[PDB]
>>> print(open('query02.cif').read())   # mmCIF, C-alpha atoms and all ligand atoms
data_model
loop_
_atom_site.label_atom_id
_atom_site.label_comp_id
_atom_site.auth_asym_id
_atom_site.auth_seq_id
_atom_site.Cartn_x
_atom_site.Cartn_y
_atom_site.Cartn_z
CA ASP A 1 -72.52 63.09 63.81
CA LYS A 2 -74.29 60.44 65.89
CA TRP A 3 -74.76 58.42 62.68
CA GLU A 4 -71.06 58.34 61.84
CA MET A 5 -69.21 55.12 62.61
CA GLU A 6 -65.74 53.78 61.84
CA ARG A 7 -65.47 51.48 58.81
CA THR A 8 -63.85 48.94 61.14
CA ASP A 9 -67.10 48.71 63.13
CA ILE A 10 -68.44 46.60 60.26
CA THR A 11 -67.16 43.45 58.58
CA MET A 12 -68.39 42.24 55.17
CA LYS A 13 -69.72 38.70 54.97
CA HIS A 14 -71.34 38.15 51.54
CA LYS A 15 -72.18 40.18 48.44
CA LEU A 16 -75.90 40.86 47.81
CA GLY A 17 -78.33 41.46 44.95
CA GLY A 18 -76.06 39.92 42.35
CA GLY A 19 -75.10 43.50 41.58
CA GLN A 20 -78.55 44.79 40.65
CA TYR A 21 -78.41 47.23 43.58
CA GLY A 22 -74.80 48.25 43.03
CA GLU A 23 -72.09 47.31 45.51
CA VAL A 24 -74.19 45.96 48.38
CA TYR A 25 -73.08 43.45 51.01
CA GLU A 26 -74.50 41.55 53.93
CA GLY A 27 -72.25 42.52 56.82
CA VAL A 28 -71.96 42.33 60.57
CA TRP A 29 -72.06 45.29 62.98
CA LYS A 30 -69.47 43.69 65.29
CA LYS A 31 -70.46 45.32 68.59
CA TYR A 32 -74.03 44.04 68.34
CA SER A 33 -73.34 40.78 66.50
CA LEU A 34 -76.01 42.20 64.19
CA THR A 35 -76.37 41.28 60.52
CA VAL A 36 -76.72 44.43 58.41
CA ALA A 37 -76.81 45.50 54.78
CA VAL A 38 -73.97 47.74 53.57
CA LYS A 39 -73.98 49.84 50.40
CA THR A 40 -70.65 51.14 49.13
CA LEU A 41 -70.14 53.74 46.40
CA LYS A 42 -69.27 52.07 43.10
CA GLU A 43 -66.51 54.22 41.60
CA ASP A 44 -67.41 55.74 38.22
CA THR A 45 -71.15 55.24 38.79
CA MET A 46 -73.24 57.62 40.91
CA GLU A 47 -71.61 60.96 41.81
CA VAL A 48 -70.26 61.04 45.38
CA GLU A 49 -72.26 64.10 46.46
CA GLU A 50 -75.53 62.47 45.33
CA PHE A 51 -74.60 59.32 47.25
CA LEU A 52 -73.95 61.40 50.37
CA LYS A 53 -77.22 63.27 49.97
CA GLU A 54 -79.14 59.96 49.89
CA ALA A 55 -77.41 59.16 53.18
CA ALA A 56 -78.50 62.54 54.58
CA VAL A 57 -82.10 61.90 53.51
CA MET A 58 -82.16 58.45 55.14
CA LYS A 59 -81.19 59.97 58.49
CA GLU A 60 -84.62 61.62 58.41
CA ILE A 61 -86.56 58.46 57.54
CA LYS A 62 -88.21 56.54 60.37
CA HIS A 63 -91.14 54.34 59.42
CA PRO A 64 -91.90 50.63 59.97
CA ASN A 65 -92.16 50.06 56.22
CA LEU A 66 -89.07 51.94 55.04
CA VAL A 67 -85.62 50.36 55.33
CA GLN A 68 -84.01 51.73 58.50
CA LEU A 69 -80.64 53.47 58.41
CA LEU A 70 -78.25 52.32 61.14
CA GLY A 71 -75.10 54.26 60.33
CA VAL A 72 -72.82 55.84 57.76
CA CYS A 73 -69.11 56.13 56.94
CA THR A 74 -68.69 59.47 55.21
CA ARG A 75 -65.40 60.91 56.50
CA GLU A 76 -63.23 59.28 53.84
CA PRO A 77 -63.57 56.64 51.09
CA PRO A 78 -64.84 54.02 50.88
CA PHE A 79 -68.18 55.58 51.78
CA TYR A 80 -70.73 53.31 53.45
CA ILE A 81 -74.45 53.42 54.16
CA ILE A 82 -75.42 50.78 56.74
CA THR A 83 -79.04 49.65 57.15
CA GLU A 84 -81.07 46.82 58.68
CA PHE A 85 -80.92 43.54 56.73
CA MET A 86 -84.09 42.07 55.19
CA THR A 87 -83.89 38.25 55.10
CA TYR A 88 -85.88 37.40 51.97
CA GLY A 89 -84.60 39.83 49.35
CA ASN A 90 -86.79 41.78 46.93
CA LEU A 91 -90.54 41.41 46.59
CA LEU A 92 -90.41 40.54 42.89
CA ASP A 93 -88.36 37.38 43.38
CA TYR A 94 -90.28 36.62 46.58
CA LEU A 95 -93.66 36.64 44.79
CA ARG A 96 -92.34 34.62 41.85
CA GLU A 97 -90.90 31.88 44.08
CA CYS A 98 -93.39 31.77 46.96
CA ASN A 99 -95.91 29.14 48.03
CA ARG A 100 -99.13 30.85 46.91
CA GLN A 101 -101.18 28.88 49.45
CA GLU A 102 -99.22 30.74 52.16
CA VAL A 103 -98.91 34.02 50.29
CA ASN A 104 -102.61 34.15 49.56
CA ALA A 105 -105.16 36.90 48.97
CA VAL A 106 -105.08 38.45 52.45
CA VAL A 107 -101.28 38.46 52.40
CA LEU A 108 -101.19 40.32 49.07
CA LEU A 109 -103.57 42.86 50.62
CA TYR A 110 -101.36 43.04 53.72
CA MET A 111 -98.30 43.76 51.55
CA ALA A 112 -100.05 46.49 49.55
CA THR A 113 -101.22 48.09 52.79
CA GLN A 114 -97.65 48.21 54.13
CA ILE A 115 -96.27 49.72 50.94
CA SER A 116 -99.02 52.34 50.80
CA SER A 117 -98.22 53.26 54.40
CA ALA A 118 -94.58 53.88 53.49
CA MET A 119 -95.60 55.99 50.51
CA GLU A 120 -98.08 58.00 52.60
CA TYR A 121 -95.15 58.75 54.92
CA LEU A 122 -92.96 59.96 52.03
CA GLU A 123 -95.85 62.08 50.73
CA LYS A 124 -96.09 63.82 54.12
CA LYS A 125 -92.31 64.30 54.38
CA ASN A 126 -91.67 65.90 50.97
CA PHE A 127 -89.96 62.93 49.33
CA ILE A 128 -90.58 60.95 46.14
CA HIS A 129 -89.13 57.57 45.18
CA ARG A 130 -87.40 57.55 41.80
CA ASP A 131 -88.23 53.89 41.09
CA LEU A 132 -91.18 52.44 42.97
CA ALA A 133 -91.52 48.82 41.86
CA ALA A 134 -91.51 45.32 43.35
CA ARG A 135 -87.76 45.09 42.64
CA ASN A 136 -87.21 47.90 45.15
CA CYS A 137 -89.32 46.49 47.98
CA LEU A 138 -87.63 44.17 50.47
CA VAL A 139 -89.20 41.30 52.37
CA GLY A 140 -88.61 40.12 55.93
CA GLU A 141 -90.12 37.40 58.12
CA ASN A 142 -93.90 37.17 58.42
CA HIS A 143 -94.56 38.95 55.13
CA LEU A 144 -93.05 42.18 56.41
CA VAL A 145 -92.41 44.50 53.45
CA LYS A 146 -90.23 47.60 53.46
CA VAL A 147 -89.63 50.00 50.61
CA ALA A 148 -85.94 50.50 49.81
CA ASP A 149 -85.08 54.17 50.31
CA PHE A 150 -81.83 54.82 48.48
CA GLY A 151 -83.83 56.11 45.51
CA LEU A 152 -85.40 58.99 47.46
CA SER A 153 -85.27 62.59 46.21
CA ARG A 154 -86.26 65.75 48.08
CA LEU A 155 -89.25 67.41 46.41
CA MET A 156 -91.92 69.52 48.07
CA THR A 157 -95.13 67.48 47.89
CA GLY A 158 -97.29 68.60 44.99
CA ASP A 159 -94.37 70.12 43.08
CA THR A 160 -92.82 68.74 39.92
CA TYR A 161 -89.22 68.44 38.80
CA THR A 162 -87.78 67.86 35.35
CA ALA A 163 -85.21 65.10 34.87
CA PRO A 164 -82.17 65.55 32.58
CA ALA A 165 -82.55 64.82 28.87
CA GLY A 166 -81.40 61.31 28.05
CA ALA A 167 -82.49 60.21 31.52
CA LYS A 168 -83.48 56.55 31.38
CA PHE A 169 -86.36 55.32 33.52
CA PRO A 170 -88.30 52.00 33.71
CA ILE A 171 -90.78 52.67 30.89
CA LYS A 172 -93.50 50.28 32.07
CA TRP A 173 -93.66 51.81 35.59
CA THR A 174 -93.35 55.40 34.36
CA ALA A 175 -96.19 57.95 34.34
CA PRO A 176 -97.23 59.71 31.06
CA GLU A 177 -95.97 63.16 32.12
CA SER A 178 -92.57 61.56 32.74
CA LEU A 179 -92.43 59.64 29.45
CA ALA A 180 -93.37 62.74 27.45
CA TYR A 181 -91.83 65.67 29.34
CA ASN A 182 -89.48 64.08 31.88
CA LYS A 183 -91.72 65.59 34.56
CA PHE A 184 -92.03 63.82 37.95
CA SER A 185 -94.07 64.48 41.11
CA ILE A 186 -95.54 62.46 43.96
CA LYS A 187 -98.42 61.70 41.55
CA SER A 188 -95.88 59.96 39.30
CA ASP A 189 -95.19 57.63 42.25
CA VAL A 190 -98.93 57.03 42.54
CA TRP A 191 -98.95 55.87 38.92
CA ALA A 192 -95.98 53.58 39.67
CA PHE A 193 -97.79 52.25 42.74
CA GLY A 194 -100.63 51.13 40.47
CA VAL A 195 -98.17 49.13 38.39
CA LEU A 196 -96.70 47.71 41.61
CA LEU A 197 -100.20 46.59 42.64
CA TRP A 198 -100.41 44.78 39.30
CA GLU A 199 -97.05 43.10 39.95
CA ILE A 200 -98.34 41.92 43.33
CA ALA A 201 -101.67 40.64 41.96
CA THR A 202 -99.87 38.64 39.26
CA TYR A 203 -97.21 37.30 41.63
CA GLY A 204 -94.43 39.07 39.77
CA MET A 205 -95.38 38.98 36.10
CA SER A 206 -93.78 41.61 33.85
CA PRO A 207 -96.17 44.54 33.08
CA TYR A 208 -97.72 45.10 29.62
CA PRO A 209 -96.63 41.60 28.53
CA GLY A 210 -95.19 41.54 25.02
CA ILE A 211 -95.90 45.22 24.34
CA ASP A 212 -93.00 47.00 22.63
CA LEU A 213 -91.55 49.72 24.86
CA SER A 214 -91.62 52.31 22.07
CA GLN A 215 -95.41 52.12 21.84
CA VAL A 216 -96.33 52.18 25.53
CA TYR A 217 -96.80 55.95 25.52
CA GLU A 218 -98.93 55.96 22.35
CA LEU A 219 -101.17 53.32 23.92
CA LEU A 220 -101.52 55.13 27.23
CA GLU A 221 -102.60 58.39 25.62
CA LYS A 222 -105.41 56.51 23.82
CA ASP A 223 -106.54 55.19 27.21
CA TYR A 224 -105.15 51.67 27.00
CA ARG A 225 -104.48 50.19 30.46
CA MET A 226 -103.55 46.68 31.60
CA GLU A 227 -106.55 44.41 32.11
CA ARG A 228 -107.71 43.15 35.50
CA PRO A 229 -105.44 40.23 36.53
CA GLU A 230 -107.03 36.83 37.09
CA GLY A 231 -108.03 36.56 40.74
CA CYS A 232 -107.64 40.29 41.41
CA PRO A 233 -110.53 41.73 43.48
CA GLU A 234 -112.55 44.39 41.64
CA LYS A 235 -112.02 47.02 44.36
CA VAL A 236 -108.25 46.63 44.04
CA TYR A 237 -108.38 46.88 40.24
CA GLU A 238 -110.51 50.02 40.58
CA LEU A 239 -107.73 51.51 42.71
CA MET A 240 -105.15 50.53 40.06
CA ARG A 241 -107.22 52.33 37.44
CA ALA A 242 -107.51 55.43 39.65
CA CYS A 243 -103.69 55.43 39.99
CA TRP A 244 -103.48 55.35 36.21
CA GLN A 245 -105.62 58.43 35.51
CA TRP A 246 -103.99 60.43 32.70
CA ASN A 247 -104.15 63.71 34.61
CA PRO A 248 -101.82 63.52 37.64
CA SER A 249 -104.21 65.70 39.68
CA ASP A 250 -106.98 63.12 39.13
CA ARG A 251 -104.92 60.39 40.80
CA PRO A 252 -105.58 59.71 44.50
CA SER A 253 -103.10 60.65 47.22
CA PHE A 254 -101.22 57.96 49.11
CA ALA A 255 -103.15 59.02 52.21
CA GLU A 256 -106.37 58.04 50.40
CA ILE A 257 -104.84 54.86 48.96
CA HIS A 258 -103.54 53.75 52.35
CA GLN A 259 -106.92 54.36 53.97
CA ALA A 260 -108.54 52.27 51.23
CA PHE A 261 -106.17 49.33 51.72
CA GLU A 262 -106.29 49.49 55.52
CA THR A 263 -110.09 49.21 55.31
CA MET A 264 -110.00 46.28 52.89
CA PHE A 265 -107.36 44.53 54.99
CA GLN A 266 -109.42 44.96 58.17
CA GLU A 267 -112.66 43.72 56.60
CA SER A 268 -110.76 40.84 55.04
CA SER A 269 -109.25 40.03 58.44
CA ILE A 270 -112.66 40.26 60.10
CA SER A 271 -113.55 37.44 57.69
CA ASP A 272 -110.84 35.32 59.31
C1 LIG B 1 -80.06 45.26 48.44
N1 LIG B 1 -80.30 45.98 49.72
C2 LIG B 1 -80.03 47.42 49.80
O1 LIG B 1 -79.61 47.98 48.80
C3 LIG B 1 -80.29 48.10 51.13
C4 LIG B 1 -79.99 49.56 51.22
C5 LIG B 1 -78.65 50.02 51.57
CL1 LIG B 1 -77.34 48.88 51.91
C6 LIG B 1 -78.33 51.41 51.66
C7 LIG B 1 -79.34 52.37 51.40
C8 LIG B 1 -80.66 51.97 51.06
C9 LIG B 1 -81.00 50.58 50.97
CL2 LIG B 1 -82.64 50.18 50.55
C10 LIG B 1 -80.76 47.38 52.21
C11 LIG B 1 -81.02 45.95 52.10
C12 LIG B 1 -81.50 45.13 53.18
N2 LIG B 1 -81.73 43.80 53.06
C13 LIG B 1 -81.46 43.22 51.82
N3 LIG B 1 -81.68 41.86 51.75
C14 LIG B 1 -81.49 40.96 50.64
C15 LIG B 1 -81.23 41.39 49.28
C16 LIG B 1 -81.05 40.42 48.25
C17 LIG B 1 -81.11 39.03 48.54
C18 LIG B 1 -81.35 38.58 49.89
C19 LIG B 1 -81.42 37.08 50.20
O2 LIG B 1 -80.21 36.41 50.00
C20 LIG B 1 -81.54 39.54 50.93
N4 LIG B 1 -81.00 43.91 50.73
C21 LIG B 1 -80.78 45.25 50.84
#
>>> encode(input="query02.cif", output="structure tokens")
Amino acid sequence: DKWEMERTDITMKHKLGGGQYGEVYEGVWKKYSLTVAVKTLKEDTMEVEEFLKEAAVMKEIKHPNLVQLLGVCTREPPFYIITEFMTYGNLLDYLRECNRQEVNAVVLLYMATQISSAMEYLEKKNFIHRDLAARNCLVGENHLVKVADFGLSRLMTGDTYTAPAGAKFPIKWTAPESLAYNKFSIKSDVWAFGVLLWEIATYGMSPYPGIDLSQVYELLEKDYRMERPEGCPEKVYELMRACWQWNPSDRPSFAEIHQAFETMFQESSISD
């Protein structure tokens, strides 16, 4: 296993995420004097075999906008998943604390384009992300954004899977078919992407402000959708609305979404 490395090849420096991502640390890959991120399996939380499968999936991921795997420690506990380290943390906190004069309109477009590229890649590689949201996107220097990939599941593109009963998902980012029947497909990620676009346009505001979680589904079925955020370009809002079509088959593919954003980003750049 060319990915396998000895636990002693890495040294832990600081704990990360405040615990919101589980047991994650900022470490050092000694040989290369390289700062890395290290995820360890939190006993009594996720099942070991599922943890190891995520590691297996990451070995197959190679895209500029998906967190890159660097190595794994799977022989014996503690199990480790080592990846590149993103300097600025998650996109949600980044947007909430940034200088909006720097992180302006073209930058928001740039970030959406990068995320859509990552999702287009997953769509082509038979993967879905179980929780696409700003909280799971990481930021690096120069507004580089990479989608975290620990939450990836193997699912043939176009197919649907049914989650266990009692499964708890982020209601405000969850597609209708998931809320009602626990059904998920790549189109469910498209719906989530629309909510993510809203998070970006509002610089990290919470979705459906003030709306009780228990009534989100009842509102969605009657065609209620979040309003266009102040400052949000019409074309981008139109894409959000397309992502939120009730019928999953009516939602655009990430290939189409990425093309749309790439075009807007180019035209916007040509207006330098
Ligand atoms: C929190 N987190 C992860 O869970 C993974 C990761 C791992 Cl270790 C294994 C598998 C999949 C992933 Cl996405 C990679 C990763 C890379 N960079 C960062 N940077 C980061 C996070 C929080 C705060 C700050 C700033 O102090 C900087 N945080 C990261």
>>> atom_distance(input="query02.cif", atom1="CA of residue 21 in chain A", atom2="CA of residue 215 in chain A")
28.0 Å
>>> atom_distance(input="query02.cif", atom1="CA of residue 13 in chain A", atom2="CA of residue 25 in chain A")
7.0 Å
>>> closest_residue(input="query02.cif", among="A:72, A:145, A:179, A:82", to="ligand LIG 1 (chain B)", atoms="only C-alpha atoms and all ligand atoms")
A:82
>>> residues_near_ligand(input="query02.cif", ligand="ligand LIG 1 (chain B)", cutoff="9 Å", atoms="all atoms listed in the file", output="mmCIF file with C-alpha atoms, in the frame of the given file")
data_model
loop_
_atom_site.group_PDB
_atom_site.id
_atom_site.type_symbol
_atom_site.label_atom_id
_atom_site.label_comp_id
_atom_site.auth_asym_id
_atom_site.auth_seq_id
_atom_site.Cartn_x
_atom_site.Cartn_y
_atom_site.Cartn_z
ATOM 1 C CA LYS A 15 -72.180 40.180 48.440
ATOM 2 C CA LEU A 16 -75.900 40.860 47.810
ATOM 3 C CA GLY A 17 -78.330 41.460 44.950
ATOM 4 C CA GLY A 18 -76.060 39.920 42.350
ATOM 5 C CA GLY A 19 -75.100 43.500 41.580
ATOM 6 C CA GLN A 20 -78.550 44.790 40.650
ATOM 7 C CA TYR A 21 -78.410 47.230 43.580
ATOM 8 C CA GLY A 22 -74.800 48.250 43.030
ATOM 9 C CA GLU A 23 -72.090 47.310 45.510
ATOM 10 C CA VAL A 24 -74.190 45.960 48.380
ATOM 11 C CA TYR A 25 -73.080 43.450 51.010
ATOM 12 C CA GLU A 26 -74.500 41.550 53.930
ATOM 13 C CA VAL A 36 -76.720 44.430 58.410
ATOM 14 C CA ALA A 37 -76.810 45.500 54.780
ATOM 15 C CA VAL A 38 -73.970 47.740 53.570
ATOM 16 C CA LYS A 39 -73.980 49.840 50.400
ATOM 17 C CA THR A 40 -70.650 51.140 49.130
ATOM 18 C CA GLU A 54 -79.140 59.960 49.890
ATOM 19 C CA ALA A 55 -77.410 59.160 53.180
ATOM 20 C CA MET A 58 -82.160 58.450 55.140
ATOM 21 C CA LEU A 66 -89.070 51.940 55.040
ATOM 22 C CA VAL A 67 -85.620 50.360 55.330
ATOM 23 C CA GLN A 68 -84.010 51.730 58.500
ATOM 24 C CA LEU A 69 -80.640 53.470 58.410
ATOM 25 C CA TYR A 80 -70.730 53.310 53.450
ATOM 26 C CA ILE A 81 -74.450 53.420 54.160
ATOM 27 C CA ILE A 82 -75.420 50.780 56.740
ATOM 28 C CA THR A 83 -79.040 49.650 57.150
ATOM 29 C CA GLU A 84 -81.070 46.820 58.680
ATOM 30 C CA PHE A 85 -80.920 43.540 56.730
ATOM 31 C CA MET A 86 -84.090 42.070 55.190
ATOM 32 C CA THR A 87 -83.890 38.250 55.100
ATOM 33 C CA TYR A 88 -85.880 37.400 51.970
ATOM 34 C CA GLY A 89 -84.600 39.830 49.350
ATOM 35 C CA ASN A 90 -86.790 41.780 46.930
ATOM 36 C CA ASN A 136 -87.210 47.900 45.150
ATOM 37 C CA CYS A 137 -89.320 46.490 47.980
ATOM 38 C CA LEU A 138 -87.630 44.170 50.470
ATOM 39 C CA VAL A 139 -89.200 41.300 52.370
ATOM 40 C CA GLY A 140 -88.610 40.120 55.930
ATOM 41 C CA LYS A 146 -90.230 47.600 53.460
ATOM 42 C CA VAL A 147 -89.630 50.000 50.610
ATOM 43 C CA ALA A 148 -85.940 50.500 49.810
ATOM 44 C CA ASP A 149 -85.080 54.170 50.310
ATOM 45 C CA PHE A 150 -81.830 54.820 48.480
ATOM 46 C CA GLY A 151 -83.830 56.110 45.510
#
>>> atom_distance(input="query02.cif", atom1="CA of residue 116 in chain A", atom2="CA of residue 256 in chain A")
9.3 Å
>>> closest_residue(input="query02.cif", among="A:198, A:184, A:244, A:79", to="residue 228 in chain A", atoms="all atoms listed in the file")
A:198
>>> build_atoms(input="query02.cif", residues="range 87-102 of chain A", atoms="N, CA and C atoms", output="compact mmCIF listing (two decimals), keeping the file's coordinate frame")
# COMPACT_ATOMS: atom_id res chain seq x y z
N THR A 87 -84.18 39.65 55.43
CA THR A 87 -83.89 38.25 55.10
C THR A 87 -84.25 37.68 53.73
N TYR A 88 -85.46 37.98 53.25
CA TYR A 88 -85.88 37.40 51.97
C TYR A 88 -85.64 38.09 50.63
N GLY A 89 -84.87 39.17 50.62
CA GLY A 89 -84.60 39.83 49.35
C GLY A 89 -85.75 40.67 48.82
N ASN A 90 -85.75 40.93 47.51
CA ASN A 90 -86.79 41.78 46.93
C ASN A 90 -88.13 41.07 46.70
N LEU A 91 -89.18 41.88 46.76
CA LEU A 91 -90.54 41.41 46.59
C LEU A 91 -90.84 40.73 45.26
N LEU A 92 -90.17 41.15 44.19
CA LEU A 92 -90.41 40.54 42.89
C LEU A 92 -90.04 39.06 42.92
N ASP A 93 -88.81 38.76 43.31
CA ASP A 93 -88.36 37.38 43.38
C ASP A 93 -89.18 36.60 44.42
N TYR A 94 -89.50 37.26 45.53
CA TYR A 94 -90.28 36.62 46.58
C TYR A 94 -91.62 36.11 46.03
N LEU A 95 -92.36 36.99 45.36
CA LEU A 95 -93.66 36.64 44.79
C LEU A 95 -93.55 35.55 43.73
N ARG A 96 -92.52 35.62 42.90
CA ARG A 96 -92.34 34.62 41.85
C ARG A 96 -92.00 33.23 42.38
N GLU A 97 -91.33 33.16 43.52
CA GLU A 97 -90.90 31.88 44.08
C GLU A 97 -91.69 31.36 45.28
N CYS A 98 -92.64 32.15 45.77
CA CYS A 98 -93.39 31.77 46.96
C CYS A 98 -94.39 30.63 46.80
N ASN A 99 -94.88 30.17 47.94
CA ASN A 99 -95.91 29.14 48.03
C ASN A 99 -97.17 30.00 48.08
N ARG A 100 -97.93 30.02 46.98
CA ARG A 100 -99.13 30.85 46.91
C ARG A 100 -100.25 30.47 47.88
N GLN A 101 -100.16 29.29 48.49
CA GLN A 101 -101.18 28.88 49.45
C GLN A 101 -100.90 29.64 50.76
N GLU A 102 -99.63 29.98 50.98
CA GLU A 102 -99.22 30.74 52.16
C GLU A 102 -99.40 32.22 51.83
